[PDB]
Amino acid sequence: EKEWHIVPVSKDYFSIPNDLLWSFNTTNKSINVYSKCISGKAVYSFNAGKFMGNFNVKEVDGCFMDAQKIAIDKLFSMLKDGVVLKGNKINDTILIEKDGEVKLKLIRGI
Ligand SMILES: CCCCCC(=O)OC[C@H](O)COP(=O)(O)O
C-alpha cells in the first residue's frame, strides 16, 4: 500500500484542502480517499496511463469554504472524466495531466 497527498499545479485546485490522503492497495487494488471532512472509495479503471474513477464521496456540511468546495467538486468530476497519470523512475511522485496541462501532482506520504 502507498499513500499520497496532492500538490495543486493548476489554479482551479489552489483551494483544495491539505488533508486529503489518497491510498492504493496493490494486493486488492483498492483506492480510497480520506480526510477530516471527506471520504471516498473508488470504483475505477487504470489502463495505458489513463485513470478514471468514481469515489462515491461523503462531505460534511459547512466544513469547507465555498472556494474549497468548488475545488473539491471539480477534482472529483475531473477524476471521473479521466486523467493521465505520469509516474517516474526516480521516486513515487505522479503528475496528473488533462487537456494539455499538469493539473496537480501526487507526492508520496502523509
Ligand atoms: C488524486 C489522484 C487520483 C488517485 C489515483 C491514485 O492515487 O492512483 C495510484 C495508482 O493506481 C498507482 O499506480 P502507479 O504507481 O503505477 O501509477
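Residue numbers count from 1 along this sequence. When a ligand or atom number is given, it counts from 1 through the structure's own listing order.
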Checking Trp4 side chain against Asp92 main chain: does a donor-acceptor pair fall under 3.5 Å? yes

Using heavy-atom distances only, which candidate in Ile6, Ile94, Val33, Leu85 approaches atom 15 (O) of ligand 1 most closely? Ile94

Distance-only, no hydrogens or angles: does the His5 side chain make a donor-acceptor pair with backbone N or O of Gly109 under 3.5 Å? yes

Report the member of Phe24, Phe46, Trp4 with the shortest heavy-atom distance to atom 14 (P) of ligand 1. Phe46

Numbered in order shown, the ligand 1 atoms found under 4.0 Å of a heavy atom of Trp22 are 1 (C), 4 (C)

Considering only heavy atoms, does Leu75 approach ligand 1 within less than 4.0 Å through its side chain, its backbone, both, or neither? neither

Is it possible for you to say whether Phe64 and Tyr13 belong to one hydrophobic cluster, with membership spreading through side-chain heavy-atom contacts below 4.5 Å? yes

Below 30° counts as parallel, above 60° as perpendicular, anything between as tilted: where do the rings of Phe55 and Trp22 land? perpendicular

Interfacing atoms of ligand 1 (cut-off 4.0 Å, heavy-atom, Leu106): 1 (C), 2 (C), 7 (O)

Would you say that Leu106 contacts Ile6 through its side chain, given a criterion of any heavy-atom pair below 4.5 Å between the two side chains? yes

At under 4.0 Å between heavy atoms, what of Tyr44 touches ligand 1? The answer is neither

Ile96 and ligand 1 - part of the residue with a heavy-atom distance under 4.0 Å: side chain

Subset of ligand 1 atoms that lie under 4.0 Å from at least one heavy atom of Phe51: 5 (C)

If hydrophobic clusters are built from ILVMFWY residues whose side chains come within less than 4.5 Å, do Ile72 and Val9 share one? no

